[PDB]
2 protein chains.
Amino acid sequence: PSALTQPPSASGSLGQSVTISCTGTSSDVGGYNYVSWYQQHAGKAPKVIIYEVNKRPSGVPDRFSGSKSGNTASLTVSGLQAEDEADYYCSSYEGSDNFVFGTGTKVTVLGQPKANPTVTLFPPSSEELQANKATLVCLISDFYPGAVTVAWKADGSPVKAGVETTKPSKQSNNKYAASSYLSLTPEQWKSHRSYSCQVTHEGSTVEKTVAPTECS
Amino acid sequence: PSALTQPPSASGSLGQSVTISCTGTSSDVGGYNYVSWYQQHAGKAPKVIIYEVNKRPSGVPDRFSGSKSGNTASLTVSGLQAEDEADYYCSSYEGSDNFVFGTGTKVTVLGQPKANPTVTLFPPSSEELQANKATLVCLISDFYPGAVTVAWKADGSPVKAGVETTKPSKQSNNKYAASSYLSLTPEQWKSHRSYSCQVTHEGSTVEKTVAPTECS
(Lines give C-alpha, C1' and ligand atoms only; values in the text may rest on other atoms or scores of the structure.)
Protein backbone atom coordinates (compact mmCIF):
# COMPACT_ATOMS: atom_id res chain seq x y z
CA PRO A 1 0.00 0.00 0.00
CA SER A 2 1.13 3.53 -0.81
CA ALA A 3 -1.65 6.04 -1.36
CA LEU A 4 -5.30 6.55 -0.45
CA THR A 5 -7.70 8.66 -2.51
CA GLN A 6 -8.51 12.21 -1.45
CA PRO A 7 -9.85 15.34 -3.17
CA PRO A 8 -7.73 18.28 -4.23
CA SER A 9 -9.13 21.61 -3.03
CA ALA A 10 -12.02 21.08 -0.61
CA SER A 11 -13.36 24.45 0.44
CA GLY A 12 -15.92 27.02 1.42
CA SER A 13 -16.60 30.19 3.34
CA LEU A 14 -16.81 30.46 7.12
CA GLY A 15 -20.07 28.71 8.02
CA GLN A 16 -19.78 26.41 5.01
CA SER A 17 -19.46 22.87 6.42
CA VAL A 18 -16.77 21.14 4.37
CA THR A 19 -16.44 17.39 4.01
CA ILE A 20 -13.38 15.54 2.77
CA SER A 21 -12.89 11.82 2.16
CA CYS A 22 -10.29 9.10 1.86
CA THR A 23 -11.10 6.02 -0.18
CA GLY A 24 -8.83 2.99 -0.69
CA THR A 25 -8.93 -0.67 -1.75
CA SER A 26 -10.89 -3.41 -0.02
CA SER A 27 -9.17 -4.05 3.35
CA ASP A 28 -6.54 -1.79 5.01
CA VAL A 29 -9.33 0.81 4.74
CA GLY A 30 -12.31 -1.39 5.50
CA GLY A 31 -12.12 -4.24 8.02
CA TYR A 32 -9.49 -1.98 9.48
CA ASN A 33 -12.12 -0.07 11.48
CA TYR A 34 -9.56 2.66 11.71
CA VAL A 35 -7.86 5.45 9.81
CA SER A 36 -6.46 8.67 11.34
CA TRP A 37 -6.57 12.33 10.27
CA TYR A 38 -3.88 15.04 10.13
CA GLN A 39 -3.95 18.85 10.21
CA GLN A 40 -1.06 20.49 8.34
CA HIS A 41 -0.89 24.30 8.41
CA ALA A 42 2.07 26.29 7.05
CA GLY A 43 4.94 24.93 9.14
CA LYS A 44 2.98 24.76 12.37
CA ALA A 45 3.62 21.25 13.56
CA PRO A 46 1.53 18.72 11.62
CA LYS A 47 -0.96 17.39 14.16
CA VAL A 48 -3.20 14.31 14.43
CA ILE A 49 -6.95 14.58 14.72
CA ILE A 50 -9.55 11.82 14.28
CA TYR A 51 -7.96 8.99 16.23
CA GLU A 52 -9.06 5.53 15.15
CA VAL A 53 -12.11 6.16 12.90
CA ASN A 54 -13.51 9.02 15.01
CA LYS A 55 -12.44 9.55 18.63
CA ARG A 56 -10.70 12.91 19.12
CA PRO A 57 -7.38 13.77 20.72
CA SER A 58 -9.25 15.61 23.46
CA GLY A 59 -7.99 19.13 22.78
CA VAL A 60 -9.69 19.24 19.38
CA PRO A 61 -12.93 21.17 18.81
CA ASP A 62 -16.05 19.04 19.01
CA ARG A 63 -16.94 20.29 15.53
CA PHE A 64 -14.24 18.11 13.97
CA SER A 65 -15.77 14.80 12.88
CA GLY A 66 -14.67 11.64 11.03
CA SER A 67 -16.57 8.50 9.92
CA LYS A 68 -16.52 5.44 7.62
CA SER A 69 -18.46 3.71 4.85
CA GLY A 70 -17.06 0.75 2.90
CA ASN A 71 -13.65 1.81 1.63
CA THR A 72 -14.24 5.54 2.22
CA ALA A 73 -13.42 7.52 5.38
CA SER A 74 -14.56 11.16 5.79
CA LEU A 75 -13.78 14.30 7.75
CA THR A 76 -16.41 16.98 8.36
CA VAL A 77 -15.45 20.52 9.31
CA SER A 78 -18.87 21.56 10.55
CA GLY A 79 -19.04 25.36 10.46
CA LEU A 80 -15.77 26.25 8.73
CA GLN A 81 -13.66 28.62 10.80
CA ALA A 82 -10.99 30.84 9.18
CA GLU A 83 -7.91 29.31 10.76
CA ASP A 84 -8.97 25.97 9.29
CA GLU A 85 -6.99 26.48 6.11
CA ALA A 86 -4.85 23.31 6.14
CA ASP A 87 -3.83 20.06 4.40
CA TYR A 88 -5.44 16.78 5.50
CA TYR A 89 -3.85 13.34 5.51
CA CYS A 90 -5.38 9.98 6.49
CA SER A 91 -3.42 6.89 7.65
CA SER A 92 -4.36 3.17 7.99
CA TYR A 93 -2.33 -0.02 8.79
CA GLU A 94 -0.61 -3.29 7.78
CA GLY A 95 0.89 -5.90 10.07
CA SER A 96 2.78 -4.83 13.21
CA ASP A 97 4.48 -2.83 10.48
CA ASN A 98 3.74 -0.07 8.00
CA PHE A 99 1.08 2.27 6.82
CA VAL A 100 -0.43 4.48 4.22
CA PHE A 101 -1.53 8.05 3.82
CA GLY A 102 -3.93 9.68 1.36
CA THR A 103 -3.01 12.21 -1.35
CA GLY A 104 -3.86 14.90 1.11
CA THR A 105 -6.79 17.27 0.81
CA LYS A 106 -6.25 21.04 1.08
CA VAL A 107 -9.03 23.15 2.61
CA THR A 108 -9.32 26.61 1.09
CA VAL A 109 -11.54 29.22 2.73
CA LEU A 110 -12.80 31.17 -0.25
CA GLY A 111 -11.78 34.75 -1.03
CA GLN A 112 -12.77 34.90 -4.67
CA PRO A 113 -15.18 33.12 -6.98
CA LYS A 114 -14.11 29.60 -7.91
CA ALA A 115 -12.36 28.63 -11.11
CA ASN A 116 -11.62 25.18 -12.44
CA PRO A 117 -9.00 24.65 -14.98
CA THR A 118 -8.66 25.78 -18.55
CA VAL A 119 -6.50 22.87 -19.53
CA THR A 120 -4.86 22.85 -22.97
CA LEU A 121 -2.80 19.91 -24.15
CA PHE A 122 0.03 20.50 -26.60
CA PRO A 123 1.77 17.99 -28.84
CA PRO A 124 5.45 17.89 -29.78
CA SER A 125 6.97 20.63 -31.92
CA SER A 126 8.55 19.72 -35.25
CA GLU A 127 11.77 20.90 -33.62
CA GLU A 128 11.37 18.38 -30.79
CA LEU A 129 10.63 15.59 -33.25
CA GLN A 130 13.50 16.56 -35.57
CA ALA A 131 15.75 16.58 -32.53
CA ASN A 132 14.40 13.05 -32.07
CA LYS A 133 12.75 14.07 -28.79
CA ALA A 134 9.14 13.75 -27.53
CA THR A 135 7.28 15.64 -24.79
CA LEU A 136 3.70 16.78 -24.15
CA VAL A 137 2.66 19.71 -21.96
CA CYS A 138 -0.66 19.87 -20.16
CA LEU A 139 -1.06 23.57 -19.42
CA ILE A 140 -3.52 23.82 -16.58
CA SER A 141 -4.24 27.50 -15.92
CA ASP A 142 -6.81 29.89 -14.44
CA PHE A 143 -8.01 28.10 -11.29
CA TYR A 144 -9.02 28.85 -7.75
CA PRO A 145 -8.25 27.23 -5.39
CA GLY A 146 -4.77 25.87 -6.08
CA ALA A 147 -5.31 22.09 -5.81
CA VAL A 148 -5.90 20.25 -9.09
CA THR A 149 -5.21 16.60 -9.92
CA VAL A 150 -3.25 15.81 -13.05
CA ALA A 151 -3.65 12.29 -14.44
CA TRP A 152 -2.24 11.21 -17.81
CA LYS A 153 -3.30 8.16 -19.81
CA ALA A 154 -2.24 6.62 -23.09
CA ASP A 155 -4.87 4.66 -25.05
CA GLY A 156 -7.17 4.69 -22.03
CA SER A 157 -4.59 3.04 -19.75
CA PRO A 158 -3.31 5.26 -16.94
CA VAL A 159 0.40 5.98 -17.40
CA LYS A 160 3.44 7.11 -15.41
CA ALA A 161 6.80 6.65 -17.17
CA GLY A 162 7.95 10.31 -17.29
CA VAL A 163 5.15 12.51 -16.03
CA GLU A 164 5.65 15.55 -13.84
CA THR A 165 3.35 18.13 -12.27
CA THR A 166 4.58 21.60 -11.45
CA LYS A 167 2.83 22.77 -8.27
CA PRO A 168 1.00 26.12 -8.38
CA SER A 169 1.67 29.79 -9.06
CA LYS A 170 -0.45 32.80 -8.05
CA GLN A 171 -0.66 34.26 -11.55
CA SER A 172 -0.99 38.04 -11.43
CA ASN A 173 -4.82 38.07 -11.39
CA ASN A 174 -4.57 36.02 -8.19
CA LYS A 175 -5.82 32.81 -9.83
CA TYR A 176 -3.45 29.85 -10.23
CA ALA A 177 -1.46 27.91 -12.80
CA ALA A 178 0.28 24.54 -13.06
CA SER A 179 1.92 22.25 -15.61
CA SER A 180 2.47 18.58 -16.34
CA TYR A 181 4.47 16.70 -18.97
CA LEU A 182 4.99 13.29 -20.55
CA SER A 183 8.49 12.61 -21.93
CA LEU A 184 8.55 9.92 -24.59
CA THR A 185 10.28 8.96 -27.79
CA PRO A 186 8.57 9.18 -31.16
CA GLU A 187 8.85 5.38 -30.69
CA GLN A 188 6.45 5.74 -27.78
CA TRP A 189 4.43 8.67 -29.20
CA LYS A 190 4.06 7.09 -32.65
CA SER A 191 2.72 3.72 -31.46
CA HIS A 192 -0.38 5.00 -29.58
CA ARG A 193 -3.80 6.09 -30.89
CA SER A 194 -4.60 8.82 -28.40
CA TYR A 195 -3.01 10.28 -25.27
CA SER A 196 -4.83 12.35 -22.63
CA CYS A 197 -4.52 14.79 -19.75
CA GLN A 198 -7.15 14.76 -16.99
CA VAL A 199 -7.53 17.53 -14.44
CA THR A 200 -9.70 17.14 -11.36
CA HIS A 201 -10.64 20.13 -9.16
CA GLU A 202 -13.72 20.34 -6.91
CA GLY A 203 -15.88 17.73 -8.59
CA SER A 204 -15.28 19.16 -12.05
CA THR A 205 -12.88 16.78 -13.80
CA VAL A 206 -11.81 17.70 -17.36
CA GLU A 207 -9.90 15.69 -19.99
CA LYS A 208 -8.07 16.32 -23.30
CA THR A 209 -7.16 13.76 -25.97
CA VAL A 210 -4.30 14.35 -28.41
CA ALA A 211 -3.43 12.08 -31.32
CA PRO A 212 -0.26 11.34 -33.26
CA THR A 213 0.26 13.19 -36.49
CA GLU A 214 3.80 13.35 -37.74
CA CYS A 215 3.66 16.61 -39.76
CA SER A 216 6.11 15.59 -42.55
CA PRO B 1 0.09 21.76 22.64
CA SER B 2 3.82 21.99 22.13
CA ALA B 3 6.44 20.14 20.18
CA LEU B 4 9.09 17.48 20.47
CA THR B 5 12.18 19.27 19.01
CA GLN B 6 14.19 18.80 15.83
CA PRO B 7 16.67 21.47 14.62
CA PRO B 8 15.76 23.67 11.65
CA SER B 9 18.09 22.43 8.85
CA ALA B 10 20.22 19.27 8.96
CA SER B 11 22.58 20.08 6.12
CA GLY B 12 24.59 17.26 4.56
CA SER B 13 27.09 16.72 1.76
CA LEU B 14 25.71 14.22 -0.78
CA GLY B 15 27.63 10.93 -0.52
CA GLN B 16 28.66 11.46 3.14
CA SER B 17 26.34 11.18 6.19
CA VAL B 18 24.00 13.08 8.53
CA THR B 19 21.86 12.35 11.59
CA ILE B 20 18.89 14.27 13.02
CA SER B 21 17.41 14.52 16.53
CA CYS B 22 13.97 14.72 18.18
CA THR B 23 13.90 15.79 21.89
CA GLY B 24 10.79 15.22 24.02
CA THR B 25 9.48 15.09 27.61
CA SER B 26 9.88 12.16 30.03
CA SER B 27 6.60 10.76 28.68
CA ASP B 28 6.50 12.12 25.13
CA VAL B 29 9.53 10.32 23.76
CA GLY B 30 11.07 9.58 27.15
CA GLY B 31 9.00 6.65 28.30
CA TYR B 32 6.96 4.97 25.57
CA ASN B 33 9.67 4.16 22.99
CA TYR B 34 7.27 4.41 20.02
CA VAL B 35 8.91 7.46 18.34
CA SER B 36 8.56 7.49 14.53
CA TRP B 37 9.75 9.61 11.56
CA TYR B 38 7.77 10.83 8.52
CA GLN B 39 9.74 11.86 5.45
CA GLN B 40 7.54 14.72 4.32
CA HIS B 41 8.68 15.55 0.83
CA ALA B 42 8.33 19.29 0.39
CA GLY B 43 4.58 19.91 0.13
CA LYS B 44 3.65 16.29 -0.70
CA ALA B 45 2.52 13.26 1.31
CA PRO B 46 4.85 12.29 4.16
CA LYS B 47 5.42 8.49 4.11
CA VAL B 48 6.72 7.05 7.42
CA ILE B 49 10.33 5.91 7.33
CA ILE B 50 10.88 4.62 10.90
CA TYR B 51 7.91 3.20 12.82
CA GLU B 52 8.46 2.42 16.51
CA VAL B 53 11.92 3.62 17.40
CA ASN B 54 14.18 1.51 15.21
CA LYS B 55 11.89 -0.84 13.26
CA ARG B 56 12.12 -0.22 9.54
CA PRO B 57 9.17 -0.30 7.14
CA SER B 58 9.33 -2.58 4.09
CA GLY B 59 8.67 0.55 2.01
CA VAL B 60 11.94 2.24 3.06
CA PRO B 61 15.71 1.82 2.54
CA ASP B 62 18.63 0.51 4.57
CA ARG B 63 20.86 3.59 5.00
CA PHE B 64 17.95 5.02 7.02
CA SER B 65 17.36 4.64 10.80
CA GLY B 66 16.70 5.69 14.40
CA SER B 67 18.22 5.45 17.90
CA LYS B 68 16.33 6.08 21.12
CA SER B 69 18.50 7.96 23.63
CA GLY B 70 16.33 8.80 26.63
CA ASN B 71 14.65 12.12 25.84
CA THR B 72 16.42 12.69 22.52
CA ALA B 73 15.85 10.35 19.57
CA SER B 74 17.79 10.39 16.30
CA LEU B 75 17.69 9.53 12.63
CA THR B 76 20.82 8.07 10.99
CA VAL B 77 21.28 8.97 7.34
CA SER B 78 24.38 7.57 5.63
CA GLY B 79 25.28 7.56 1.92
CA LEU B 80 23.44 10.81 1.36
CA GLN B 81 21.12 10.27 -1.61
CA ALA B 82 19.78 13.52 -3.14
CA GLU B 83 16.25 12.17 -2.64
CA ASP B 84 16.77 12.73 1.04
CA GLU B 85 16.31 16.45 0.59
CA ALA B 86 13.10 16.68 2.64
CA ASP B 87 11.38 17.92 5.81
CA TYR B 88 11.32 15.17 8.43
CA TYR B 89 9.04 14.87 11.45
CA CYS B 90 9.55 12.77 14.56
CA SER B 91 6.63 11.71 16.76
CA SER B 92 6.13 10.17 20.19
CA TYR B 93 3.49 9.46 22.80
CA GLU B 94 2.33 11.08 26.03
CA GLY B 95 -0.44 8.73 27.11
CA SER B 96 -4.19 8.74 26.58
CA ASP B 97 -3.91 7.70 22.91
CA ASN B 98 -2.23 11.00 22.04
CA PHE B 99 0.69 11.12 19.59
CA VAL B 100 2.89 14.22 19.44
CA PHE B 101 5.39 15.09 16.75
CA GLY B 102 8.11 17.70 16.54
CA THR B 103 8.58 20.61 14.17
CA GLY B 104 10.48 19.09 11.26
CA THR B 105 14.08 19.21 10.04
CA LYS B 106 14.83 20.36 6.50
CA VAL B 107 17.74 18.13 5.50
CA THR B 108 19.60 19.86 2.71
CA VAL B 109 21.95 17.90 0.42
CA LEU B 110 24.89 20.04 -0.71
CA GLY B 111 27.21 18.52 -3.34
CA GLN B 112 24.73 17.73 -6.13
CA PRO B 113 25.65 19.19 -9.50
CA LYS B 114 24.38 22.14 -11.49
CA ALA B 115 22.16 21.33 -14.46
CA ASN B 116 20.97 23.63 -17.26
CA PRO B 117 17.39 24.27 -18.27
CA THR B 118 16.02 22.24 -21.17
CA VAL B 119 13.95 24.99 -22.79
CA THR B 120 11.17 23.62 -24.99
CA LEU B 121 9.07 26.25 -26.77
CA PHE B 122 5.71 25.02 -28.06
CA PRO B 123 3.19 26.41 -30.52
CA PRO B 124 -0.62 26.42 -30.54
CA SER B 125 -2.33 23.17 -31.45
CA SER B 126 -4.59 22.69 -34.47
CA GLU B 127 -7.28 22.07 -31.93
CA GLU B 128 -6.66 25.41 -30.25
CA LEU B 129 -6.83 27.90 -33.06
CA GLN B 130 -9.97 25.89 -33.85
CA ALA B 131 -11.53 27.68 -30.89
CA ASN B 132 -9.69 30.85 -31.90
CA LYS B 133 -7.25 30.76 -28.98
CA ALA B 134 -3.45 30.57 -28.99
CA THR B 135 -1.60 30.26 -25.69
CA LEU B 136 2.11 29.46 -25.98
CA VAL B 137 3.78 27.37 -23.32
CA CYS B 138 7.50 27.47 -22.84
CA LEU B 139 8.66 24.32 -21.07
CA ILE B 140 11.77 24.81 -18.92
CA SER B 141 12.86 21.53 -17.31
CA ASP B 142 15.63 19.41 -15.80
CA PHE B 143 17.73 22.25 -14.31
CA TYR B 144 19.68 22.74 -11.07
CA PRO B 145 19.58 24.87 -8.95
CA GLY B 146 16.18 26.55 -9.11
CA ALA B 147 17.28 30.14 -9.72
CA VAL B 148 15.93 30.66 -13.24
CA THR B 149 14.53 33.66 -15.14
CA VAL B 150 12.09 33.43 -18.04
CA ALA B 151 11.23 36.44 -20.14
CA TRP B 152 9.43 36.38 -23.48
CA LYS B 153 10.18 38.27 -26.64
CA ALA B 154 7.88 38.81 -29.60
CA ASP B 155 10.43 38.84 -32.39
CA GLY B 156 12.63 41.78 -31.40
CA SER B 157 12.01 44.02 -28.39
CA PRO B 158 10.82 42.66 -25.06
CA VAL B 159 7.24 41.43 -25.39
CA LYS B 160 5.89 41.06 -21.88
CA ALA B 161 2.23 41.03 -20.79
CA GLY B 162 0.30 37.84 -21.52
CA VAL B 163 3.33 36.33 -19.82
CA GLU B 164 2.12 34.75 -16.58
CA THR B 165 4.83 32.45 -15.24
CA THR B 166 5.43 29.53 -12.86
CA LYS B 167 7.89 28.97 -9.99
CA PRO B 168 10.21 26.00 -10.28
CA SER B 169 8.95 22.74 -8.80
CA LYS B 170 11.27 19.86 -7.85
CA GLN B 171 10.57 17.09 -10.41
CA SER B 172 10.96 13.40 -9.44
CA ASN B 173 14.73 13.69 -9.27
CA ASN B 174 15.76 16.79 -7.35
CA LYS B 175 15.93 18.96 -10.46
CA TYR B 176 13.53 21.81 -11.34
CA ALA B 177 10.51 22.24 -13.56
CA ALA B 178 9.07 25.54 -14.78
CA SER B 179 6.42 26.69 -17.22
CA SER B 180 5.78 29.98 -18.99
CA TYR B 181 2.74 31.09 -20.99
CA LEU B 182 2.05 33.94 -23.36
CA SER B 183 -1.59 34.12 -24.48
CA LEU B 184 -2.00 35.27 -28.04
CA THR B 185 -4.96 35.82 -30.28
CA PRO B 186 -4.41 34.33 -33.76
CA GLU B 187 -5.10 37.70 -35.34
CA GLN B 188 -2.04 38.86 -33.40
CA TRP B 189 -0.06 35.70 -34.11
CA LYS B 190 0.14 36.35 -37.86
CA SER B 191 1.21 39.94 -37.20
CA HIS B 192 4.63 38.75 -36.11
CA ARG B 193 7.38 36.80 -37.90
CA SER B 194 8.70 34.67 -35.06
CA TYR B 195 8.39 34.39 -31.28
CA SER B 196 10.89 33.82 -28.48
CA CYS B 197 11.13 32.20 -25.08
CA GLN B 198 14.23 33.37 -23.23
CA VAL B 199 15.46 31.43 -20.21
CA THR B 200 18.34 32.86 -18.13
CA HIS B 201 19.98 30.48 -15.63
CA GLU B 202 23.10 30.98 -13.50
CA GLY B 203 24.54 33.10 -16.33
CA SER B 204 24.12 30.53 -19.10
CA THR B 205 21.11 31.87 -21.00
CA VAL B 206 19.04 30.07 -23.60
CA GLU B 207 16.58 31.68 -26.02
CA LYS B 208 14.38 29.44 -28.18
CA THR B 209 12.04 30.29 -31.04
CA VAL B 210 8.67 29.48 -32.58
CA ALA B 211 7.82 30.79 -36.03
CA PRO B 212 4.28 30.74 -37.42
CA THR B 213 5.57 28.27 -40.06
CA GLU B 214 4.10 25.00 -38.76
CA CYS B 215 2.01 22.21 -40.20
CA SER B 216 0.17 22.52 -36.88
# chains A, B, ... in the order shown; residues from 1 in each chain; ligands from 1
>>> select_by_dssp(residues="range 2-213 of chain B", states="strand (DSSP E or B)", output="JSON, numbers by chain")
{"B": [5, 12, 13, 17, 18, 19, 20, 21, 22, 23, 25, 29, 36, 37, 38, 39, 40, 48, 49, 50, 66, 67, 68, 72, 73, 74, 75, 76, 77, 78, 86, 87, 88, 89, 90, 91, 92, 93, 94, 95, 98, 99, 100, 101, 102, 103, 104, 105, 106, 107, 109, 110, 115, 118, 119, 120, 121, 134, 135, 136, 137, 138, 139, 140, 141, 142, 143, 144, 148, 149, 150, 151, 152, 153, 164, 165, 169, 170, 176, 177, 178, 179, 180, 181, 182, 183, 184, 195, 196, 197, 198, 199, 200, 201, 204, 205, 206, 207, 208, 209, 210]}
>>> interface_residues(of="chain B", to="chain A", cutoff="8 Å", atoms="only C-alpha atoms", output="NGL selection string")
:B and (3 or 44-48 or 51 or 57-59 or 97-104 or 120-125 or 128 or 137 or 139 or 164-172 or 177-179 or 214-216)
>>> residues_around(residues="residue 69 in chain A", least_positions_apart="5", cutoff="12 Å", atoms="only C-alpha atoms", output="PyMOL selection string")
chain A and resi 21-24+26+29-35+53+74-75
>>> atom_distance(atom1="CA of residue 195 in chain B", atom2="CA of residue 175 in chain A")
25.8 Å
>>> atom_distance(atom1="CA of residue 80 in chain A", atom2="CA of residue 6 in chain A")
18.8 Å
>>> select_by_dssp(residues="range 27-213 of chain A", states="alpha helix (DSSP H)", output="ChimeraX atom specification")
/A:126-130,186-190
>>> write_last_selection(atoms="N, CA, C and O atoms", output="short mmCIF file (atom, residue, chain, number, x, y, z; two decimals), in the first residue's frame")
data_model
loop_
_atom_site.label_atom_id
_atom_site.label_comp_id
_atom_site.auth_asym_id
_atom_site.auth_seq_id
_atom_site.Cartn_x
_atom_site.Cartn_y
_atom_site.Cartn_z
N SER A 126 7.75 20.24 -34.13
CA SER A 126 8.55 19.72 -35.25
C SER A 126 10.03 19.74 -34.87
O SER A 126 10.72 18.73 -35.06
N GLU A 127 10.47 20.87 -34.33
CA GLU A 127 11.77 20.90 -33.62
C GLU A 127 11.96 19.60 -32.85
O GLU A 127 12.68 18.69 -33.29
N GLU A 128 11.31 19.51 -31.72
CA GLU A 128 11.37 18.38 -30.79
C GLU A 128 11.54 17.06 -31.53
O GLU A 128 12.47 16.27 -31.25
N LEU A 129 10.65 16.87 -32.51
CA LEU A 129 10.63 15.59 -33.25
C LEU A 129 11.87 15.43 -34.12
O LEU A 129 12.40 14.31 -34.27
N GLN A 130 12.34 16.53 -34.68
CA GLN A 130 13.50 16.56 -35.57
C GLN A 130 14.80 16.52 -34.79
O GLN A 130 15.89 16.28 -35.35
N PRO A 186 9.50 9.39 -30.03
CA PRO A 186 8.57 9.18 -31.16
C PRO A 186 8.37 7.69 -31.43
O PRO A 186 7.54 7.34 -32.30
N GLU A 187 9.12 6.86 -30.75
CA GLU A 187 8.85 5.38 -30.69
C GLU A 187 7.46 5.31 -30.00
O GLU A 187 6.37 5.16 -30.60
N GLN A 188 7.54 5.62 -28.71
CA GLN A 188 6.45 5.74 -27.78
C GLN A 188 5.28 6.60 -28.22
O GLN A 188 4.13 6.14 -28.04
N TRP A 189 5.52 7.79 -28.73
CA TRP A 189 4.43 8.67 -29.20
C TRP A 189 3.83 8.11 -30.48
O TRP A 189 2.58 8.21 -30.62
N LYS A 190 4.66 7.50 -31.35
CA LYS A 190 4.06 7.09 -32.65
C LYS A 190 3.19 5.86 -32.51
O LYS A 190 2.24 5.73 -33.33
#
>>> atom_distance(atom1="CA of residue 154 in chain A", atom2="CA of residue 199 in chain A")
14.9 Å
